[PDB]
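The form deposited without the named molecule is given below as one chain in structure tokens.
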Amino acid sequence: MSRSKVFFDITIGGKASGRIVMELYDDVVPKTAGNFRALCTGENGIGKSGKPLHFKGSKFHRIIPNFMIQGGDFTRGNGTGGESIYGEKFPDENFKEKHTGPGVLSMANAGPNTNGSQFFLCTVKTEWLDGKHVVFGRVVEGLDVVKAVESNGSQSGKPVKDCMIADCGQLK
């Protein structure tokens, strides 16, 4: 299917830091792409958690230099929460796409078939995640914004300051 384009407007410590534009692989992983797209628009409203099914206002809570930036936990904000629009967890749709380099967009999980709303953007090639995380898009603009967020990560995963998805949505 035609490929959706979505964006995040990022703040770092409250400071406007630019836009990350992403292309989703609707044609390869439609269920996975459709979940992320709707979480960018917020169109499915309040989820089972009672919080909005929406990345807006959420943070990259886990950021590791030379690895990736991870976000999508809008229910607990710490890596233990998050919710897909389908309502809890859904199976890995396929592993056709691989972690080929910086910019790759892929699902975070807790093992096989545990996709929620958490995701990461790779800042390096992470071949060791192939077949274990579902890859469903890539950055096409704003890789420099991804690097700026990455600069605030630590080996420990804890960010130096709040890296927020201040706005987000779908481009037509």
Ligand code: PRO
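Residues carry their position along the shown sequence, with the first being 1.
Missing here is the form solved in complex with the named molecule; even so, the following discussion is about that form.
Site check by superimposition: the named molecule, modelled from its position in the deposited bound form, clears the backbone and C-beta atoms of this form, with no atom inside 2.4 Å, and the site reads as open. With the partner removed from view, the residue among 133, 138, 37, 56 that has a non-hydrogen atom within 4.5 Å of the named molecule in the deposited bound form turns out to be 133.
Of the candidate stretches 140 to 148, 46 to 54, 64 to 72, 24 to 32, only 64 to 72 has residues whose heavy atoms lie within 4.5 Å of the named molecule in the deposited bound form. The shortest heavy atom separation between residue 120 and the named molecule in the deposited bound form is within 4.5 Å.
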